[PDB]
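Novice: So I pulled this structure from the PDB, and the sequence comes with it:
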Protein chains: 2
Amino acid sequence: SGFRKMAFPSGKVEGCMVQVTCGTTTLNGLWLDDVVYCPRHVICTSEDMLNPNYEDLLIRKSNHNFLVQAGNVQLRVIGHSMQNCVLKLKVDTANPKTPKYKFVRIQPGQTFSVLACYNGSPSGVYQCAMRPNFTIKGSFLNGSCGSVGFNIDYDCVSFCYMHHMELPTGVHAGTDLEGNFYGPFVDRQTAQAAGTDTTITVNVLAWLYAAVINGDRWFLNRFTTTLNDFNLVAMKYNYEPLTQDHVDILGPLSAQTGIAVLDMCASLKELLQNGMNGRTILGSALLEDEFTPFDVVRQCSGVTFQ
Amino acid sequence: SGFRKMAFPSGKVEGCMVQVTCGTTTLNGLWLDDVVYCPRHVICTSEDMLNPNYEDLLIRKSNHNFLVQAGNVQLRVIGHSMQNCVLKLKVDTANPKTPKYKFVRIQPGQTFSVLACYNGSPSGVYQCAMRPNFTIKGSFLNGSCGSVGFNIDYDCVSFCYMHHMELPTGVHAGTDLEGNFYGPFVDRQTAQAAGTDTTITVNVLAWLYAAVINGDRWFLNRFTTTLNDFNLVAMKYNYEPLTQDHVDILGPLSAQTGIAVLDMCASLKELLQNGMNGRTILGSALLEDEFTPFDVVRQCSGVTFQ
Ligand SMILES: *[C@H](O)[C@H](C[C@@H]1CCNC1=O)NC(=O)[C@H](CC1CC1)NC(=O)[C@@H](NC(=O)OCc1ccccc1)C(C)(C)C
Ligand SMILES: *[C@H](O)[C@H](C[C@@H]1CCNC1=O)NC(=O)[C@H](CC1CC1)NC(=O)[C@@H](NC(=O)OCc1ccccc1)C(C)(C)C
């Protein structure tokens, strides 16, 4: 029993983190086979970041400008190339700790683990979700750029996020590992807005099923509702629309608990229109939306990794 | 910016986890040098656990009764001994991934990372606190016994918890790594009660400082209070007493923000007597108490590990 915000074990990623220094910028790189991936703004100083031109800046660089530290060992850079907003530093040594991996781009609403790093050394691991507005509510300080987000399925690491920047609400923006930003953000210290966010409805329902599995049942009710009547209440409270696909995905959770999906929608409708009245659900006084249906099943069935 | 419930990177612990099978019990073991540590109830079947006598049970066992798997490799057990509620299985191979480590016992209110494991394979990592009543609000399913909790300081792993059992409120009990239970619990499937819990006051104040550091400031007020007047309100709301030591520990956070500790106590007093009125603090609608002063500084200054 119990329900926690749970990250993947980080060992396979820890062995890939390195420090990239060029000029007076230091950040983290991801070392897979004989390539180190890092944010391209490592070739920018503090006066560059205001309006930079990265193709000009990179032809001016040489391999020896890039100081890569793997632990205490120097990695010799023997080539470099930019891919969208990431740099690929070609090194002469393949990482012997390279796990099986894939570069995947995730959808808003999906979750992943972040291994926060400074100077190529991991600091902590935590879980979060890609928001509907393509930001993530992370925990990042100066020097954390190049930290990555990832999922693990059995033995394979699916890297989905590399950290680039903080926006003026304290939320974070970055790219997939092919260097393409999530959302309408650019790696320039220009005024950029997150955009209006919404609550991930299918995740809230998953979390309500997790609660029922763990014995929180007070919010359940006799009622029911149609998918269109629910979505009318959803759009009133700034919740994402629920699709038949979302209902299908919640099927197994509905089966385990014996609560039809639309019945759980009726409970969520009441929670939205009435609040919680000082009750809590899984130790929260808010409706939580950073757990996917898969996260819930995973945690409440005990899937492992290696 | 941002504030997350952050665990330590788990790599150093992942390399120590193994599977221990004896009879028809399978659980996790911790392999350090040439010893595997695991809960002593691995020598109990399902009918034993109701009222067992572990000294009798263990003289009946032989080394070859214990099947230890490290990955796919068999570890030969060459000796065994019980220490309080843990078994020490002596194996013929020293773990070449053994990190620098210590066995430490923590205090209620202190936090640690749990690496949840099944069949010797890590499933997830999350952070929690030792409650005042010596339980932890974990996330554990059948087969998770022997998973450990730990902190990391630079390169050294301080193991503080090994999981043994779930109590009839969904909370969890276990031992330090010398086999001594936290709290008045025994490794017998007898009726056991958690005992009345309280809120960790010094941690709530730390989290309020984290909020101020991150720009949540609405709960701040002109007021102030004495340490004894605060503790009068504390005991009314089932909060632990605050000591001068707690005030001292919060000193650095008080210095960074320029809010005196007793001034923050005055804010907490108002939050207790008035609630939050639909406001949130660091994305929570509840006063959070599983972040220590050290957790806050760590996260808001970016200390790393290796
Ligand atoms: C890399 O280690 C850091 C990590 C960053 C610092 C604090 N928290 C973080 O996550 N990233 C950077 O320094 C960024 C580099 C720029 C992309 C090339 N810069 C920023 O994150 C930057 N934010 C920013 O400029 O965008 C939003 C904005 C700018 C101007 C006006 C309005 C909004 C800050 C200001 C955080 C350093
Ligand atoms: C080991 O893998 C498991 C992990 C446990 C199962 C579900 N969640 C968990 O954390 N531990 C055990 O099976 C325990 C072994 C006993 C200590 C030797 N047993 C339990 O956790 C057990 N709880 C229990 O018996 O104590 C509370 C109690 C018992 C009877 C009446 C009232 C209260 C359960 C019932 C959870 C299996």
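Specialist: Arrived safely, thanks for sending. Residues are numbered from 1 along each chain as shown, chains lettered A, B, ... in the order given. Ligands and ions are numbered 1, 2, ... in the order given.

Novice: Every contact and neighbour count from this point should use C-alpha atoms.
Specialist: Noted.

Novice: tell me the residue furthest from the middle of chain A?
Specialist: Distance from the C-alpha centroid of chain A, by C-alpha atoms, centre = their mean, peaks at residue A:222 (36.4 Å).

Novice: Now do the contacts for that residue.
Specialist: residue A:263 (C-alpha atoms under 8 Å, 6 or more residues apart in numbering or on different chains).

Novice: tell me which element it falls in.
Specialist: Using DSSP states H and E, residue A:222 is not contained in any helix or strand.

Novice: need the residues of the stretch 51-200 of chain A near ligand 1, please.
Specialist: A:140-145, A:164-168, A:187-192 (C-alpha under 6 Å from any ligand atom).

Novice: The residue nearest the centre of chain A pairs with what?
Specialist: Centroid check for chain A by C-alpha atoms, centre = their mean gives residue A:112 as the closest residue, at 4.4 Å. For residue A:112, the beta-bridge partners are residue A:128 (DSSP bridges).

Novice: And residue A:234, how far from residue A:217?
Specialist: Residue A:234 sits 22 Å away from residue A:217, going by C-alpha to C-alpha, to the nearest Å.

Novice: Comparing those two, which residue is more hemmed in?
Specialist: residue A:234 (20 against 13; other C-alpha atoms under 10 Å in any protein chain shown).

Novice: State the phi and psi torsions of that one.
Specialist: Phi and psi for residue A:234, reported as degrees, to the nearest 10, are phi -50, psi -60.

Novice: swap in residue A:29?
Specialist: According to degrees, to the nearest 10, residue A:29 has phi -120, psi 160.

Novice: That one against residue A:120, yeah?
Specialist: Yes - between residue A:29 and residue A:120 there is a contact under C-alpha atoms under 8 Å: 7.0 Å.

Novice: shared neighbours of the two, anything?
Specialist: Taking C-alpha under 8 Å, 6+ apart as the criterion, residue A:29 and residue A:120 both touch A:17, A:18, A:19, A:20.

Novice: Dump those to CSV, plus distance to ligand 2 and neighbour count.
Specialist: As requested, these are arranged in CSV below (distance: C-alpha to the nearest ligand atom, whole Å; neighbours: other C-alpha atoms under 10 Å in any protein chain shown):
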residue, distance to ligand 2, neighbour count
A:17, 33, 28
A:18, 37, 31
A:19, 39, 26
A:20, 42, 26
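
Novice: For residue A:208, the count of nearby residues, please.
Specialist: 27.

Novice: Can you spell out which helices and strands pack onto the host helix or strand of it?
Specialist: Residue A:208 belongs to helix A:201-213 when assigned by DSSP H and E. Judged by 3 or more C-alpha pairs under 8 Å, 6 or more residues apart in numbering or on different chains; DSSP states H and E, helix A:201-213 is in contact with helix A:251-257, helix A:261-274, helix A:293-299.

Novice: Of those, which is nearest residue B:277?
Specialist: Taking C-alpha to C-alpha, helix A:261-274 is the member of these nearest to residue B:277, at 14.4 Å.

Novice: Can you list the neighbours in contact with the closest one?
Specialist: With contact meaning C-alpha under 8 Å, 6+ apart, helix A:261-274 is reached by A:205, A:208, A:219-227, A:230, A:233-234, A:237, A:247, A:250-251, A:254.

Novice: What about whichever residue of chain A sits closest to ligand 2, how many residues nearby?
Specialist: Using C-alpha to the nearest ligand atom, the closest approach of chain A to ligand 2 is made by residue A:1 at 5.8 Å. Each residue near residue A:1 was counted by other C-alpha under 10 Å, and the total is 20.

Novice: right, and it touches residue B:136 too?
Specialist: No - assessed by C-alpha under 8 Å, residue A:1 is found out of contact with residue B:136, at 11.8 Å.

Novice: Which residues are in contact with each of the two?
Specialist: Common neighbours of residue A:1 and residue B:136, counting by C-alpha under 8 Å, 6+ apart, are residue B:171.

Novice: can you pull out the strands in the stretch 1-150 of chain A?
Specialist: Ranges of strands within the stretch 1-150 of chain A are A:17-22, A:25-32, A:35-39, A:66-70, A:73-75, A:77-83, A:86-91, A:100-103, A:111-118, A:121-129, A:148-153, based on DSSP state E, counting those that start in this stretch.

Novice: Distance to residue B:72 added to the ones you listed, as JSON lines?
Specialist: Output for these, formatted as JSON lines (distance: least, C-alpha to C-alpha, whole Å):
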{"stretch": "strand A:17-22", "distance to residue B:72": "27"}
{"stretch": "strand A:25-32", "distance to residue B:72": "25"}
{"stretch": "strand A:35-39", "distance to residue B:72": "30"}
{"stretch": "strand A:66-70", "distance to residue B:72": "29"}
{"stretch": "strand A:73-75", "distance to residue B:72": "31"}
{"stretch": "strand A:77-83", "distance to residue B:72": "37"}
{"stretch": "strand A:86-91", "distance to residue B:72": "33"}
{"stretch": "strand A:100-103", "distance to residue B:72": "18"}
{"stretch": "strand A:111-118", "distance to residue B:72": "27"}
{"stretch": "strand A:121-129", "distance to residue B:72": "27"}
{"stretch": "strand A:148-153", "distance to residue B:72": "19"}
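
Novice: which ones are touching the residue in the stretch 201-306 of chain A positioned nearest to ligand 1?
Specialist: Residue of the stretch 201-306 of chain A nearest ligand 1, by C-alpha to the nearest ligand atom: residue A:290 (20.0 Å). Under the criterion of C-alpha under 8 Å, 6+ apart, the neighbours of residue A:290 are A:109, A:110, A:111, A:128, A:129, A:200, A:203, A:204.

Novice: Give the ChimeraX command for selecting the buried subset of those residues.
Specialist: Restricted to buried positions by 16 or more other C-alpha atoms under 10 Å in any protein chain shown, the ChimeraX selection for these reads:
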select /A:109,110,111,128,129,200,203,204
